Every structure is written in C-alpha cells, then in structure tokens.
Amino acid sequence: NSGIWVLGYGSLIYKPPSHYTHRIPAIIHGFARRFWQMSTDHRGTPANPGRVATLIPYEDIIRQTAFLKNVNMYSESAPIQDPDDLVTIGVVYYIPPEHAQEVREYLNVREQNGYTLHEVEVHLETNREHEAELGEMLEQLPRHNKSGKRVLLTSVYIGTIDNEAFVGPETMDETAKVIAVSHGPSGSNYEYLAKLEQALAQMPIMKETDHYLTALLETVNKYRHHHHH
C-alpha cells in the first residue's frame, strides 16, 4: 500500500495519529472551521451534547444565507468573494505504508460520530528541515499561482452539513454557552477548544484571517464559571 497524508484541523492538531513520520503546517483554502458538530461521546453527553470542530466548504457556504452571513461577520476578507478568501490553518501528517492501514482504522473509529472521509488540497508551509527531508517530493508538487506555496492533496475527516451530528448554523452565543459547560468521557468541552486555540496560536505560522475561533474562545471564557449552579 501507499502512505497516507491526513489533515488535522481540530483535536488532531494536538492529539495526533499514531506512527506519523512528517508533520507539516498547512493552509486550508476554501473551508471555514466552525464548532457546528455536536459531541455526545467525547466532549459532551447524550443529555448535554458538546460542540466540536468541522470544516464547511465554500460551495456549501454559498448555498445558505445564514452561512454566508456568519463567514462575513468573522472574516477580515469580508465580503468573501471567492473560495481562496476562506482560510483555515491546520497540519498534515504523513503515515508511512507500513502503518497506514492501522492508523486509518484508528482514525475511522476516533471520528465515528458523523465525520466522513474526503480529499482536499492544502498549501504547505514548510520549514528548512521539511525542505531537507522532503525536498524531492516538494519539487514535484505544483506551486499555487497566488500563494507560491506547494499544494498537496490530503485526506481529511469532515462532518458534512448532511450528517446527523451537524447543528449549524448556530449563533456564537448558543455555541459558547454549550462549550462553557459541556463535558464528556474525553474531558471538558472547554479543554477541546482551549487546546485547539493554543495549538494554533503556538504554531510558527505568521501573518502573510478568520477571527471565529478567537472570538468563540473569548465568549466561552465570559460564560465560564457563571452557570446557574
């Protein structure tokens, strides 16, 4: 078999697949990350479902007024004019052939709650070590005409707007109250958001932006420790 490239944009950024051998920062164009997937098994419960991350493609954004309004509200590029105006940061992992089959099965079970497997293009933000170890591969990837970055086809888990766990569109006030208090077998819903925002904030990817995630964390923090009990 071949190896696999797996894109992480939520908890896979800071709780990675097993056995990976490369981990590269990745610019995902044409998708917005939203906390519009409910979690009844990890970060919430059947009685009180949490919220976890999913990616919403441009082609779905432009099919509902509520989605288009929400992306413009939080984006510097408002009004969003084209798919490349939507930017989400993540990382891509390489799993070598010897482990790809087993890691795929682990990730399928880890993401069982409504995610499906897709293939998307990302722009790589490589460092010099990546360029030393993977230069022969990078030279064979196309360079994007606008960004000048190498473009890589990578697999990705996405809760599509059709899946049973999808709760979008949801206003930030409603999403933040749920994240502030939900808690499941994996831990608090708050930890999932806070670790994701920290893992992105601590990535050495500079400004060359969708403010949703930082706005969400700010709202969650205001609601935290102000529950009725």
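Numbers for residues come from their place in the sequence shown, where the first is 1.
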### Query
Should the higher mean CA B-factor in the entry be assigned to 99-107 or to 132-140?
99-107
### Summary
Comparing mean C-alpha B factor in the record for 196-204 and 63-71, the higher one is 63-71
### Task
Kindly indicate the residue among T126, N145, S155, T88 with the greatest C-alpha B-factor in the PDB record.
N145
### Task
Going by the recorded CA B-factors, say which third of the chain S186 sits in, lowest, middle or highest.
highest
### Query
Against its chain's modelled residues, does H19's Cα B factor rank lowest, middle or highest third?
highest
### Message
Splitting the chain's C-alpha B-factors into thirds, which one does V120 fall into?
### Response
middle
### Message
Ranking the modelled residues of this chain by C-alpha B-factor as given in the entry, is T209 in the lowest, middle or highest third?
### Response
highest
### Within-chain third of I161 by Cα B-factor, per the entry
highest
